[PDB]
Amino acid sequence: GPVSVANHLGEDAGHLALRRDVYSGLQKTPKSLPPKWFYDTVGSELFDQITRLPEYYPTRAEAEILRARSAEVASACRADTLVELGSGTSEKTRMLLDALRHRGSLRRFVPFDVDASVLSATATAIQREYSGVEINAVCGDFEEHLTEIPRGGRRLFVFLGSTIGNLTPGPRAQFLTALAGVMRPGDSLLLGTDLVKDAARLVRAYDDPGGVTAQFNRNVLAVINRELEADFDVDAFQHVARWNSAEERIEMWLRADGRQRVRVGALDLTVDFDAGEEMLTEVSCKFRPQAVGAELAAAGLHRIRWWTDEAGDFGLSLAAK
Ligand SMILES: Cc1cncc2cccc(S(=O)(=O)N3CCCN(C(=O)CN)C[C@@H]3C)c12
C-alpha cells in the first residue's frame, strides 16, 4: 500500500519544547515537568521493561480486553480508517488493524505522533504486513495539528494505555472537546482508562520492588542533564510514587535528599531544591466507569460500549460522534 509521512513539526520543535518545559517547570512551586520527556531511547527501553513487570497490570489488562473484544470494536465502529494517537508500534495496534481487516473495511492507517523516525519505521512495518492499506502518518502534536489528520470514510480514533490519565481534569476536558471537534458524525474514539482500585495495588504498579520504575522516573533528569547541559546529582533524587486519595491519581515525584542546587546550562538557569523537596514528574489519574462516560458526554461524545478485563482493573470505552 502507499505510504506517506507529513511533518508539521520543525526540525527543532522537540528541543524547543524541552527548553521551555524545564525552564518554566523548574520555576513553579512545586516544580513540575510533563511526563512526555521520560521517553528518550533509554527511557523507552525502560518503559517496555515496565510493561513486562508483574506489578504493572495496565499494559496486559488492556491487551486482555483487546484480544477478546477487538472484533466488537470493529463491528461497532465499522471504521475504514484507524487513527492512532501514538506511535503504532504495539501489538494492540495490530489487533485493531486485524479486526478492521477481518470486517473487510480497512483502507487506511493514520499513526499520529511527534517523532517522525518512529512514524517511519511504523509506516514501513504496517506496509510490509498489510497489503492494501494506505498509511498516512502525521507528525504533529495535539494542540495544533489534530486538524491535519486526513478525513477518509469513517474514522476510529484510538488513544490507549490510560495515557489520557496524564491530563488532570482541566487539560483533560480541553483535550477531549478538541478531539471531539476534529471528529465528525460517524467517527468514533476508542479510549483506554485505568480504573480506581486498591491503593496498594496502584502504588506498587509505580514502585516495583525491582526498581525499574525508579530509574525510569529519574531518567528525566538524565534527559535534562544530557540535552540541556545540567548537573543533577541524579542519584540524590529519590523515586516516590504516591496515591492521592482526594484526586484519585498516582503521582510520581523525585524527592531531593538534602539541599541541592542545579544549573541548566542551555537555559542560563540555577534552581534550588530544599532538603526533602519533591518535584512532580507524572500524574496518572485513575478512573471510575460512569465518570468516564460523563466526561465523554461533556466533550460532545456519546459512549456506546464499555469493557473491562476479568478483574475490573482496566476499562476501554467506545464513543461515537
Ligand atoms: C501515547 C502518546 C501519544 N502522543 C504522543 C506520545 C509521545 C511520547 C510517548 C507517548 S506513550 O505511548 O509512550 N505514553 C506516554 C505517557 C504515559 N503513559 C502512561 O500510561 C502513564 N501511566 C502512556 C504512554 C506510555 C505518546
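Quick notes on the rules
- Residues numbered from 1 in each chain as written, not as in the entry; some residues may be left out.
- Heavy atoms only, no water.
- Salt bridge = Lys/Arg side-chain N within 4 Å of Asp/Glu carboxyl O.
- Helix = DSSP H or I, 4+ residues; strand = E, 2+ residues; numbered from the N terminus.
- Pairing = 2+ DSSP bridges.
- Axes fitted to C-alpha atoms, helices over the stretch in contact; angles between N-to-C directions.
- Parallel < 35°, antiparallel > 145°, perpendicular 65-115°, else oblique.
- Left-handed = near helix turned anticlockwise from the far one by under 90°.
- Contact = heavy atoms within 4.5 Å.
- Nonpolar A, V, L, I, M, F, W, Y, C, P; charged D, E, K, R; others polar.
- Buried < 20%, exposed > 50% of the residue type's maximum accessible area, 1.4 Å probe, protein only.

Listed as the method for this PDB entry is X-ray crystallography; the listed resolution is 2.3900 Å.

When the charged atoms of two side chains lie near each other, side chains of opposite charge can form a pair. Taken as a whole and judged by the stated rule, the model has 19 salt bridges. The residue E134 makes a salt bridge to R108 at a minimum N-O spacing of 3.5 Å. Of the two residues, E134 sits in strand β4 (residues 134-139) while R108 sits in strand β3 (residues 108-113), which places them 26 residues apart along the sequence. A salt bridge links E278 to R255, with the nearest nitrogen and oxygen atoms 3.1 Å apart.

In this section: the sheet that holds strand β11 (residues 278-285). Across the sheet, three strands lie side by side as β7-β8-β11; this open sheet has antiparallel pairing. Unpaired on one side and paired on the other, β7 (237-244) and β11 mark the two borders of the sheet. The average undirected angle you get between the axes of adjacent strands in this sheet is 20 degrees. One ladder, built from eight bridges, connects β7 with strand β8 (residues 249-256); its direction is antiparallel. Looking across to β8, one finds that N244 is bridged to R249.

Turning our eyes to something else, we now look at the packing of helix α3 (residues 58-77) against helix α4 (residues 91-103). Where α3 meets α4, the axes come as close as 9 Å, and the angle between the chain directions of the two elements is 20 degrees. In terms of their interaxial angle, α3 and α4 are classed as roughly parallel. The element α3 and its partner α4 pack so that their crossing is right-handed. Only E91, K92, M95, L96, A99, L100 and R103 of α4 make contact with α3, whose side of the interface consists of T59, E62, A63, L66, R67, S70, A71, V73, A74, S75 and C77. Looking at the contact of α3 with α4, its residues break down into 10 nonpolar, three polar and five charged.

Let's shift gears to unusual backbone geometry. A cis amide bond links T29 to the next residue, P30, at an omega of 0 degrees. Residue position: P30 is located in the loop between α1 (13-25) and α2 (41-51). Positive phi is not limited to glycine here, since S162 has a value of about 60 degrees. In this structure, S162 sits in the loop between β5 (155-159) and α7 (169-182). For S162, a relative accessible area of 8% puts it in the buried group. Look at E229: it is not a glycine, yet its phi comes out positive at around 55 degrees. Mapped onto the fold, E229 is located in the loop between α10 (219-228) and β7.

The next subject is the sheet that holds β3. Ordered in space as β1-β4-β3-β2-β5-β6-β13-β12, the eight strands form an open sheet in which the pairing is mixed. Only two strands of the sheet have a single partner each, and these edge strands are β1 (3-7) and β12 (302-308). Averaged over all pairs of adjacent strands, the angle between their axes in this sheet comes to 15 degrees, without regard to strand direction. Of the strands in this sheet, β5, β6 (188-194), β12 and β13 (314-320) touch α3, which is tilted by about 25 degrees from β13.

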